[PDB]
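Notes to accompany the following structure.
There are 2 protein chains.
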Amino acid sequence: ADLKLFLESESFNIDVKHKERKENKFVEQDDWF
Amino acid sequence: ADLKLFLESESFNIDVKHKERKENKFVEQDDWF
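Top line first, the protein sequences correspond to chains A and N. Just so we're aligned: the first sequence equals residues 289 to 311, 331 to 340 in the deposited numbering. Just so we're aligned: the second sequence equals residues 289 to 311, 331 to 340 in the deposited numbering.
Pasting the structure below:
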């Protein structure tokens with residue numbers, strides 16, 4: 289939403305950002340990782 | 289084998305027992340436990 293406001297409003301991310309918050332095995336799985 | 293020797297020899301379990309030794332996924336195992 290910050291991003292909507294950000295891209296769709298110029299005032300920077302910041303004031304937008306206030307505004308928004310109103311303010331197998333276990334081994335086989337480990338393996339691929 | 290101890291038992292074979294035990295039942296089939298009187299000298300007790302002991303000397304028989306010398307004589308014999310010549311002397331999956333992580334959830335799944337945890338769930339079974």
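Just so it is clear, CB atoms sit at the ideal spot from N, CA and C, and this is done for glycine as well.
**Study point:** Start-to-end residues for the alpha helix (DSSP H) that takes in A/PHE333
**Key:** Residues 333 to 339.
Practice item. Could you list which residues in chain A have their beta carbon closer than 7 Å to that of N/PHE333, in chain order? Key: Those within 7 Å of N/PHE333 in chain A are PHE333.
Practice item. Check N/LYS310 in the structure and name its three-state DSSP category. Key: Coil, per DSSP.
Review point. Taking just the CA atoms, how far does N/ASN331 sit from N/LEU295?
Key: Here the alpha carbons of N/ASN331 and N/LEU295 stand approximately 42 Å from one another.
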